[PDB]
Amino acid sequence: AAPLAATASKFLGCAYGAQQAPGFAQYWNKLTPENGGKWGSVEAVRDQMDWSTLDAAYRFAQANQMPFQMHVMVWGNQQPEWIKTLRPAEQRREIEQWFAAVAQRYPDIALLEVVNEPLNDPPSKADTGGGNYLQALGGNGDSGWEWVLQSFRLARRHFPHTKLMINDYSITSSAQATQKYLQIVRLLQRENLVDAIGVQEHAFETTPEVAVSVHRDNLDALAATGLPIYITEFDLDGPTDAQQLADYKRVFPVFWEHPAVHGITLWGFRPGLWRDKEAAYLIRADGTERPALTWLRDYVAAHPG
């Protein structure tokens, strides 16, 4: 039994970790580590690196010839706790060492997610896993996004052959948010710092009060940069099987059939994925496939692009 996108022109991948492991390669052909590549997962204690969970995702991806998306170098959650109180110069040396460490250990990263959530969750908080290192990367600076520039400069320096991606949520749901995001992309491109645009597209981003057409128009706007688009963390809630199925039919094709979208990654498929309470899983606890998954296999087989 072969992955859904086996004969398609773009990948259909999934978040990977212990609860998503069973049967993974029979469904998906690309992966992102759900949690193990966050900095606070690897370096919870300063200067001792626990690569075990990240190694598990990378080794699995390689064993299965699937592209690996490193998630994530800079974010405002699940960052180490010890960095919060260091002076910015010291924080910066730690950031640099984290970049260099990842680059050395993982030579075959397909897509490096350098910054996730610049419009929503910058590393500027000092709560649990907040990081509080925005000023180590120059803060907002002249342009308003200096720290994003600095993060991508470090990634270019340390990963000279790797495709660099920016990622965020609640982008395609509004023109104003898409224009905001594209200002960051514009600033990055002044120095040719970014290679791909990611948008997460969780359930909360694609609800029907905003028409799918508006998401399509914003995809076109993002695509106007000439950069490839990736849908990075897709999920649709399933309080009933039928709501989930109807949502899949309404939402999924718009992203899948967009000529600038070069891959979609679901944010899990088995119970225990992030939106478990909302029953976003496509396979039930008893191992059975839900009607949205039945539909999705057929739809992807019929849409190779």
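Note that residue numbering follows the sequence shown and begins at 1.
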property: Residue range whose averaged C-alpha B-factor is higher in the record, 233-241 or 52-60; result: 52-60
property: Mean C-alpha temperature factor, higher of 148-156 and 103-111; result: 103-111
property: Selection from 120, 213, 167, 183 [criterion: highest C-alpha temperature factor in the record]; result: 213
property: CA B-factor ranking of residue 34, expressed as a third of its chain; result: lowest
property: Residue 125 - which third its CA temperature factor falls in, relative to the rest of the chain; result: highest
property: Where the record places residue 195 (Cα B-factor, split into thirds across the chain); result: middle
property: CA B-factor placement of residue 251, once the chain's modelled residues are sorted into thirds; result: highest
property: Where the record places residue 187 (Cα B-factor, split into thirds across the chain); result: middle
